[PDB]
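Heads up, the Cβs are rebuilt from the backbone with ideal geometry, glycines too, and the neighbour counts pull from every protein chain shown. Coordinate-derived values only; no laboratory data.
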Amino acid sequence: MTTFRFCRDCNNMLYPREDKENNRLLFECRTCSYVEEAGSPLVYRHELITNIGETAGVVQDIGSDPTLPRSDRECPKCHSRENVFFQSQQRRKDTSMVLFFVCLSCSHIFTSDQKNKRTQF
Amino acid sequence: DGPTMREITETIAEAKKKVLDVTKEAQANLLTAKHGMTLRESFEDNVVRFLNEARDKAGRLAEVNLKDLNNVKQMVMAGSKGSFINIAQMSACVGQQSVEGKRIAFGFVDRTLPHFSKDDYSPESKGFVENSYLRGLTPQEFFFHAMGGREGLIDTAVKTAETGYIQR
Amino acid sequence: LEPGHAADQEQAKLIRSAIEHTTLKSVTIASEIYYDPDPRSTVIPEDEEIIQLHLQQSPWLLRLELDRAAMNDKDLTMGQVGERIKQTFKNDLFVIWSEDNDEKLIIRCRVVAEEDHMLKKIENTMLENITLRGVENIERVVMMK
Amino acid sequence: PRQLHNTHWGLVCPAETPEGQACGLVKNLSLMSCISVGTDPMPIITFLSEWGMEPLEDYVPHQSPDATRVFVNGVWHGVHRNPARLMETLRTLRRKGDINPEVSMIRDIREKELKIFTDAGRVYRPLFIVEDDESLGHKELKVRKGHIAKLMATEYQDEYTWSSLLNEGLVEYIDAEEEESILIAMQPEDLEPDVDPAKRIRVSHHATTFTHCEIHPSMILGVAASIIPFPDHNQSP
Amino acid sequence: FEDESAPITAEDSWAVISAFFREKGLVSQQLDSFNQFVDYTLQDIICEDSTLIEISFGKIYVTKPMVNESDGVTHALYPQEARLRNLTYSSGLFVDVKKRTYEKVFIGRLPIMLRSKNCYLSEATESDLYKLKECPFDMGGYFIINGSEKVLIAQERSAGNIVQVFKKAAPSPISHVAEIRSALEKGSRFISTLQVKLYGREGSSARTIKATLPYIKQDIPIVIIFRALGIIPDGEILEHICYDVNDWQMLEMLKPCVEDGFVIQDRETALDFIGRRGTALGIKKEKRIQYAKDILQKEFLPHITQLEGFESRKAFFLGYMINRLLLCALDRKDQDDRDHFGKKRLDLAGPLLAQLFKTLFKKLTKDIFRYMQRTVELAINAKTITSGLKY
Ligand SMILES: [Zn+2]
Ligand SMILES: [Zn+2]
């Protein structure tokens, strides 16, 4: 959940700097003397068990992909029954076999995962 | 026998339904692995046990039904040539093919052949040959059985070469 | 297993989890470094309670979040995890963590001048070279009867 | 490299390989496979940018993120924002001969890539094309009986030809890489929507998306294995 | 009357396959490839290094097949007599040469494939094949060299111009690599391998990415290569690589790379960094900078372009490859399947004989600038081609 900042003048990357005196987070540039205050205090995250990428591929034309299986599940939003579906597109040994469905009318994505902790995808 | 065939075909139908539930089950995330064994490895282990245990029952079925004058059976009973697996594959069902200890893998993307749709883990899709040799194989099964076969012919040359050097 | 207790499925689990090598890595959902400058209160709403428990220190904070299932699937306490961390690092790193009842498992660490490199290496030491339970070299252990 | 790969389906024979050391490294072309001779890409390249392809020098990803990358013989030439239009046209053009038939074109829908190859050495085979529609209800093979008769008139006069079949978009050559983006029916009857206890079990069309159909499954074999009677009743070695 | 629009059935396949084989026969792979050699690739081998330092070759004609005799001399050769006589069913080659100042013509014998357009048998009827003593069922596609029928066996190789990523096993200090073998249809067949390497294994400290360029004796930090190509700011460099601004995981993996290139902040410097890794101490700066340019313009991804304005194109493609390497290191994509037959190419007669008659027309064209570098002032060795072919 990092977002990444660049110098307004150089477009080089910004690095963190503590404002020792007032106890605040700055990003500075190493190439200009530009600086700006930080948006959050999170500067680094490492997900060991990640979901980024389960849904990669979902694209306006997903339903013209003849190779994808189809089902008659209904979706939560449109109550339509035109889906395509696939497994997780992370390419792990340690993935579930859960399915991801894509509603072909309203483009809503949903899962067959009955322990869904996911909001987003 | 006609009746034996129908039993064999039901024996097989029931294993494919076992498979379909263990499928639906992993698909809803309700299956558990147990202990260092991944989900997908647990899935596979189970589907292969089902599919083997089907082969075998279907083969026991055929063996039983053959009479004492059945000349295949006479050879087997004498000990002079052939065994159960041969009855079985000839008359009841040839069974799961495998390459490196696993079901036929997805060598196109997410599929074993272009005649299947993606993410298909079913028996057909990964190498179960439901037919016996008498009945004949379909084209897909034919190609997966040749995959398998091929692995024995290579394994066999490597064994022969490996063994010969050890022996010396 | 020892001659008495060799048909205890439960005394066999125990023996499994005393041998099966376990690192922080295997229980840790995600690690994070936050700028959280004032070591007596917190920019993190949720750990208000954990800080609220304390009858020198870096403003940069490393914070790990552990998995309840995995922690109990290897008969691990927070206490033991923290104790592990601590006697690894000793006076050189300051660590406190969420108690057992607590709903979420959190470890939060700080150093004790350029101070985020140390942290991301420190984090790597955490996650890989800290033996929690078990014996080196032993990757899975399975029961069979 | 010794093992029979899924991707050799229809291109190399699954049976014919010598014993020993050469096992699996010597192969035989399937009866109907062919190999590209190579063909120059410059009219395809021109065509693409007539059709909206935007050149790499203009590309700014942050500003067109939905874009499909377009590659030709292995070179990224740019980006296109409706690759469905472009793709329906490219194929129409290859089905009529304006693009040479042995050119291969793959769109990968979820990878947002469109790859085309006009180089020599690619091995391929022909398949029937399957198109919705009709008018008459389902998806159907583009060839129909009237085509077959023209064929058999020609055989019997010994002028409608194999090439007539390519030219009219009835048949098209597909390589292993393009094979990944289609769905093929094994027999023409898998298109229409009490069995013989002695027949083998076939697992039906759970498929409404076929794009192609095999001409005949026995064409996966090569020369030698095409002389065995009933190979489908034999253990594979 | 049977409807012309009716759907076909399984039997009707044999009609379509008969039609394929009446057209193609059984060895078209052979024929189609030789035919294309004779008709197009030959002439293109002459228009690469056409000119020397003046003298420039144009058109080729290909004889029908013929023999240099024992005495009574030069004669049409049919394949029955070459078999029998230990002959070599060959035709000859004639270029169109030009002298011009700055400070027909036989060149050889080409073994010709039976039933190619050039061989007598391809036009012949069934009677004609019996008069010539050639079985009407023979199908062609081989050569007769010294009276023996010789077939060339298709050679399988990888394709070039394809990016492939691979993990590397355990004791290695790199964990993944992405590799292309860049190549040419026009130019030569000159084969640079770019590799793009991710250093440090899963959670090492600063995993970095470096590329191996040809003649450069150290791996170069990918950001320096981006700077030598003209893409300077971290932000532009990252947007050729990570085409999705919310992929904070990819971007966080490209931070160490930004640190590893931080010292080099402009193109000139970047070239120089490179150029010094290619040149000895002593070489002056401008010459070093130019060494680097020429490496990048000529020997880095040359399938793209080998000419001057073409830097955004290479930049992007290097980017793409680093995206591919990362998508695999982040476990989004599997390592590439080195056995997918669609990434293979099989080399038949034409290509095999162009590997050869290129190589050899390049010797023959080198003996022409030696009638000429020692000429203090139509004198060509034919045979070198003839017998390299046959040999
Ligand atoms: Zn700046
Ligand atoms: Zn919907």
For the stretch B:91-101, 3J(HN,Hα) per residue [Karplus equation, 6.51 cos²θ - 1.76 cosθ + 1.60, θ = phi - 60°, Hz, x = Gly/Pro]: 9, 10, 5, 7, x, 4, 8, 9, 10, 6, x
For the protein assembly as shown, size of Cβ-based charge dipole, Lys and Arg +1, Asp and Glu -1, in debye: 3600 debye
Long pairs among E:197/E:285; D:96/E:117; C:121/E:285; D:115/E:197; B:57/C:13; A:77/B:34, criterion Cα-Cα beyond 31 Å: C:121/E:285; B:57/C:13; A:77/B:34
Span from the the stretch E:224-242 Cα centroid across to the the stretch B:1-60 one, whole angstrom: 53 Å
The stretch C:26-35 - phi-based ³J(HN,Hα) in whole Hz, Karplus 6.51/-1.76/1.60, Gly and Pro as x: 5, 9, 9, 6, 7, 9, 8, 10, 10, 9
Signed unit charges on C-beta, dipole axis of the stretch A:47-121, positive-most listed residue A:111, A:67, A:96: A:96
Shielding by partners, peptide B:114-127 (average Cβ within 10 angstrom, other chains): 6
Value of Rg/Rh across the stretch A:47-121 [Cα atoms, Kirkwood radius]: 0.95
About the Cα centre, charge dipole magnitude for chain E (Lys/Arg +1, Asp/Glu -1 at Cβ), debye: 2080 debye
Dipole of the protein assembly as shown [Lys/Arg +1, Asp/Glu -1 at C-beta], most positive-end residue of E:21, E:264, E:384: E:384
Global form of the protein assembly as shown, assessed from the alpha-carbon gyration tensor, a/c cut-off 1.5: oblate
Neighbouring partner chain Cβ atoms per residue of E:342-354, average, 10 Å criterion: 5
Shielding by other protein chains, A:105-113, mean Cβ within 10 Å: 1
Local electrostatic count at residue E:91 - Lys and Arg +1, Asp and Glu -1, tallied over other residues with Cβ under 12 Å: +3
Cα-Cα over 20 Å, subset of D:27/E:186; C:90/C:120; B:24/C:74; B:24/D:199: D:27/E:186; B:24/C:74; B:24/D:199
Shape call, chain E: gyration tensor on alpha carbons, a/c limit 1.5: oblate
Net charge of Cβ neighbours under 13 Å - reference residue B:82; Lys, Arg +1; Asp, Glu -1: +1
The stretch D:86-149 versus the stretch E:127-206: alpha-carbon centroid distance in Å: 27 Å
Size of charge dipole - the stretch A:47-121 - debye, nearest 20, with Cβ of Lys, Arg +1 and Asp, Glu -1, no other charges: 240 debye
Nearby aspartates and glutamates by direct alpha-carbon distance to residue E:168 (threshold 19 angstrom, same-chain neighbours under 8 apart not counted): E:179, E:202, E:219, E:331, E:334, E:336, E:337, E:339
Integer Hz, Karplus 6.51/-1.76/1.60 couplings in order for the stretch B:38-55, x for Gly and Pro: 3, 3, 5, 5, 6, 4, 5, 3, 5, 5, 6, 5, 4, 8, 6, 6, 5, 4
Cα-based shape type of the stretch A:1-46, given that a ≥ b ≥ c are square roots of the gyration tensor eigenvalues and the cut on a/c is 1.5: oblate
